[PDB]
């Protein structure tokens, strides 16, 4: 993890980093071009860059976004917003979650379109913009798919009521209506899409809104790819920009690898144990590799006696408890593993692969749960 950085930018190199996240510029640009080709100019692309470009580094990723002429960017935090703007990007910038009031106030300076899900919230936010003499562009969130997270519940009369109240705020300008799908299943997306079509219709008619000044947007990566009719005015794709999307969609390239270094290989006698609480017993005279990565680097404890890594193409297993900063792996069967060798914690190496699915199985949850936190806990390096 760099302790000095400038708008998402570090001064580290692979040589002086204990572990690093490698981000492929050309995989990114390929996935952008692919998505653009799939939209075929019928819908527009908004790149979802929350969680610091999903752990890829918003400051690394932005120059590709600008290069490919992407017109819309979605972020979550104020620092992400600040970095988007400092990169020169001048287009539509929207937050894809509710902000707290004081967080929202601090982001007025970035001309961000803010998300609104409540009459009370809308009232509070309206007062903040009034105080600063700004008109704040807002996307009203609807609970059409049923996340019950950011959105107003338009399947009740109370909801429709809050929705009119929201449209009555003098210093808010409603520029969009959105929802978010709760389940990556085509049937369930279509149920949600039908609900979203009815509820936006109802609003636009009954609150006398201009359909032509509104961007209607519902689709994430899955929906965009699997349910074209969910494309509407604009799509919000995160995972597919990064090659983390529908497994069958192999036209999207993986933009990230997670790597470290062998510091040294050591000889340990049979009967020796490894790591805290001695959870692994050596059944033969071993050679153990000491790798400069641990759970403080996001290589989570749960990988204890479960993980595999790649060195020189070989699939080598983790032994003992993962330490804070150090990981032991068994290279008894791989005499070619040397101090200085590159390790692959996630990705591909010379014919070997550590897969998304093997990691999700160990972790008990989706990979973004690990990689968003890899990206924070280690320096990112743009390659390709």
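Numbering follows the first chain given and starts at 1.
The mean C-alpha temperature factor is higher for 240-248 when 216-224 and 240-248 are set side by side. In this crystal structure, the stretch out of 82-90 and 130-138 whose C-alpha atoms carry the higher mean B factor is 130-138. Take 181, 121, 280, 258 and read off each C-alpha B-factor from the entry; 280 has the highest. Out of 234, 274, 309, 176, it is 274 whose C-alpha atom has the highest B-factor in the PDB entry. Ranked within its chain, residue 24 lands in the middle third, by CA B factor from the PDB record.
Per the PDB record, residue ranking by Cα B-factor puts residue 69 in the middle third of the chain. Residue 382: CA B factor in the middle third of modelled residues in this chain (values from the PDB entry). In the PDB entry, residue 169 places in the highest third of its chain by CA B-factor. Per-chain ranking of the deposited C-alpha B factor places residue 363 in the middle third.
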